[PDB]
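The chain below stands alone and is given in C-alpha cells; this is the form deposited in one PDB entry.
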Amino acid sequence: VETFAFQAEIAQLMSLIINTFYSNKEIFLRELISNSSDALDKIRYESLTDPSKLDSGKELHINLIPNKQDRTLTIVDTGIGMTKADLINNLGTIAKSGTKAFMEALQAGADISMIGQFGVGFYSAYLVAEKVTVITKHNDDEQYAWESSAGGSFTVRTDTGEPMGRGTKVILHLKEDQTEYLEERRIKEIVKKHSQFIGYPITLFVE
C-alpha cells in the first residue's frame, strides 16, 4: 500500500466540491460515462494498427451496477485501462491546469456542471460519494486499486481481487442521503438525459 498527497490544486477542488451547496448532483454519471467512452475509443483506435490489443477482451461496453447492500454504484468499462504510470500521471500536472482554469471560472460565475469542459469531471464523483475506488487493468501492466475519501490523500495498491482482463471500474461508495442513484428509474432518467449519444452499449444491471 502506497499513500500519496494530492497536488494542492486538486485537494482544493475536492474540498470545494464537497463543501459547496449544489443540488444538481446527477452530473457525476455523465462525467464518468464520458471518461469510460474515451478509454473505449482509445482501445478501438489501437486495434486498427495492432489487432492483438483486443486479446484481453473483444467486447467494448459500459456496465452500471447498483448494489443497495454495499450502498455502491459501479461504472465498469472494457476500455484501454491504466498502467500505474498512466494512473499516477492522470492525477498529476495534466489535471493541474484544468483544475486552476475551472476554479477561476467558478469565481466568474460558472457552475459545477461545467467541470468536464476543463477535463477534471472525475472529481464530480465526490458530489455523491464519500469514497471512490478505481480498479484498472492495462495490457502492459498489472491490476491496480486507487482509492480516496478525499482529505488530501489517495492510496495505490496492486489489486488482489478478481481479475478484469482490461479496463477500468469506478466504485462509488455513496453518501447515506444519495441512495437515489441506486434506483433503476433514476439511473435510466440520467443516462437518457445526459449520455444518450455514446458510441458504446450501456447496460444498467438489476438487483
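Residues that one form lacks are left out of the comparison. In this text, residue numbers run from 1 along the sequence as written. Throughout, rigid core stands for the largest set of C-alpha atoms superposing within 1.5 Å between the two forms.
Between 136-144 and 52-60, it is 52-60 that carries the larger average Cα temperature factor according to the deposited entry. In this crystal structure, the stretch out of 77-85 and 93-101 whose C-alpha atoms carry the higher mean B factor is 93-101. Note on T155, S149, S47, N35: the highest value goes to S47, judged by CA B factor as recorded.
Annotation for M14: C-alpha temperature factor in the lowest third relative to the rest of the modelled chain, per the entry.
The deposited CA B-factor of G109 belongs to the highest third of values across its chain. For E162, the recorded CA B-factor ranks within the highest third of the chain. Only modelled residues enter the ranking. Among the modelled residues of its chain, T168 has a C-alpha B-factor that falls in the lowest third according to the deposited record.
FYI, the form deposited in another entry isn't displayed, but the following is about it.
When the rigid core is held fixed, the Cα atom of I135 travels less than 2 angstroms between this form and the one not shown. Fitting the two forms on the rigid core leaves the C-alpha of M114 displaced by under 2 angstroms between this form and the one not shown. Fitting the two forms on the rigid core leaves the C-alpha of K96 displaced by at least 2 angstroms between this form and the one not shown.
Note: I33-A95 Cα separation is 3 Å or more longer in the other entry than here. Relative to this form, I94 and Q117 separate from one another in the other entry, with their C-alpha atoms ending up at least 3 Å farther apart. Listed in sequence order, the shifted runs between this form and the one not shown are 91-96, 104-111, counting only residues present in both forms whose C-alphas move 2 Å or more over at least three consecutive positions once the core is aligned.
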